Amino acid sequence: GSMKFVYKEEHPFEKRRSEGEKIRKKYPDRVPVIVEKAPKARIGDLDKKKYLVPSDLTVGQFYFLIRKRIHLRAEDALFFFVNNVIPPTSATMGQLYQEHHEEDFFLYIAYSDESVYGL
């Protein structure tokens, strides 16, 4: 029901906040994004979970660079989730990060083939 990530359970909070502070201090024009498949999601997998994405890209454009990485089969859908909410495709990644970043300085996005998280 609520955004549960494996990356948060694999690495402690001192460690993440320190990596996030550094990666923000190193690649300022990009925002660090952790991307994981939501529970119960019937859909392809991502090799990597860690992505530095430019601040100026919209969510729409992101749905699309990811759609390529997973390659959706016929009548698969692809939805995003940040804090249990589908991000408007009009928003940018910089605004999404500003508005939704966890305090380890990472932005967390779950993806699913369903429009409701964990369904």
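Between two forms, the rigid core is defined as the largest C-alpha subset superposing within 1.5 Å. The first residue of the sequence shown is number 1, and the count goes up from there.
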Of 53-61 and 70-78, which departs more from this form in 7 other deposited structures of this protein by CA RMS after core fitting = 70-78
Taking the mean of the C-alpha B-factors per stretch from the entry, tell me the winner out of 83-91 and 45-53.
-> 83-91
Identify the stretch, either 58-66 or 30-38, whose C-alpha atoms have the larger mean B-factor according to the entry.
-> 58-66
On the chain's distribution of Cα B-factors, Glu102 falls within the third called lowest
Within-chain third of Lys22 by Cα B-factor, per the entry = lowest
